[PDB]
Each structure stands twice: as C-alpha cells, then as structure tokens.
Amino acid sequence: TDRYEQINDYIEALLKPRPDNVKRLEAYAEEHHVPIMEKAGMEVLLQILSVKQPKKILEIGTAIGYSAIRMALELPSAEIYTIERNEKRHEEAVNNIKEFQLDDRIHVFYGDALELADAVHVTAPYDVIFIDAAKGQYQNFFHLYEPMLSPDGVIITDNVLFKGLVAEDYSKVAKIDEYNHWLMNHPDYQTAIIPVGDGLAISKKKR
C-alpha cells in the first residue's frame, strides 16, 4: 500500500456514511464490478457542483445511475441528463432513478453518446458536462459536447490519472495521456488536474 492509497483510505474513513439506499447502490456496484465514482472522488465532485450550483447537468456514462442520483440529491433544483449505451445498466439506471423518485429531474438517454448529439442538443445548453465513459473516446466526447456548454460552464472528466498509470512509463493509457496533453494545451479552456480517486480534470472557458 503506497501513500496514495493510504491517503484515500484516510479520507474514506473520515466520510459520513451515506443513506441506506445509496449504500445499496455502492454494494451492488462492488458485487457486479460496476466502475462507479470512487467515494473520495465523488465527494470532491459534489462539493465543486455545490459551489457551481448548476441548473442543467450532462453526464456521459450513467452506469446504474449512482453518480446521477448523488448529484441530484446534492442539488434539489438541478436537472440531469445522462447517457448509457449498455442495455442492462440503462435498465438498472432507470429503475434506480425511479426507486429514488428522481425520475422527474434525471433523464436517461439510451445509446452511444457519439450518435446521440442531436437529441442531447434539444435540452442544451448545460452548466456542467461530466465525462465518465470509455477512456479511448474522451477526446471525441469533449469535441462533440463542448459546444453545448454554457458560457460560464465547467467540464469534468473522471479517470484522467488512471490509478497513477499515466504518470509512469506506460508503453510496455497513451490515449488518456494524449487527452491530458490535448486538454491542457486547449486554446479555449483552462484545466486543473485533481489527484483524487481515479483522477479528476476540471475544465473551464478562458477569459
């Protein structure tokens, strides 16, 4: 256990335990290897959103609706639009959202996010775009959906450090490392990388 995982455990040990129905989602995700947001990364996400106070959020990668539900609980007035291409997890997301009674505010698209731009554009623009899907298609998601961002909006990307594997010589992850370089050298966006959980990138339109 290195210093990174020790600190993560220390932070997790300080967290207030979530409600029972939220813990059930975390338990299910562990059981079925659903890569939901790490506990520590989720807390940082929510606190940034709580500062941002967004009215509309776009999420790419619903899985079982965990992050969408957490975000919704944090922001009672906010509406959330989320995409998922897997049929089973889409099914689970819709049932979970229904069970929490957040189906009035959380809206799930079914299908690949690279083919749903026009349907998502109907309810653009979005104050926050949260990218948390296939790592190889990160640059495509950003390019496709950052026109729908509000003027003072923020794009947040999970899994940009990838368990610290991007930081070392990884060749013998190149796509993630490329995205990070591409994102940090973007002419329209200023970006900070937060080393929490699996790594968060927070991007914002330049002045």
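One-based numbering along the sequence shown.
J.: Scan the PDB entry between residue 172 and residue 173 and report the missing deposited residues as one of none, 1 to 3, 4 to 9, 10 or more.
T.: Some 4 to 9 residues are missing between them.
J.: Going by the B-factors listed in the PDB entry, is the mean over the C-alpha atoms higher for 40-48 or for 137-145?
T.: Going by the record's values, the stretch with the higher mean is 137-145.
J.: Which has the higher mean CA temperature factor in the PDB entry, 50-58 or 161-169?
T.: Between 50-58 and 161-169, it is 161-169 that shows the higher mean C-alpha B-factor.
J.: Taking the values exactly as deposited, rank residue 190 by C-alpha B-factor within its chain and report the matching third: lowest, middle or highest.
T.: Ranked within chain, residue 190 CA B lands in the middle tercile.
J.: Based on the deposited C-alpha B factors for this chain, I'd like to know if residue 95 is in the lowest, middle or highest third.
T.: Middle third, going by the recorded CA B-factors of the chain.
J.: Against its chain's modelled residues, does residue 176's Cα B factor rank lowest, middle or highest third?
T.: Tercile = highest for this residue's CA B-factor.
J.: Please place residue 79 in the lowest, middle or highest third of its chain by C-alpha B factor as given in the entry.
T.: According to the entry, residue 79 has a C-alpha B-factor in the chain's middle third.
J.: Could you place residue 115 in the lowest, middle or highest third of its chain by Cα temperature factor, using the values in the record?
T.: Highest third.
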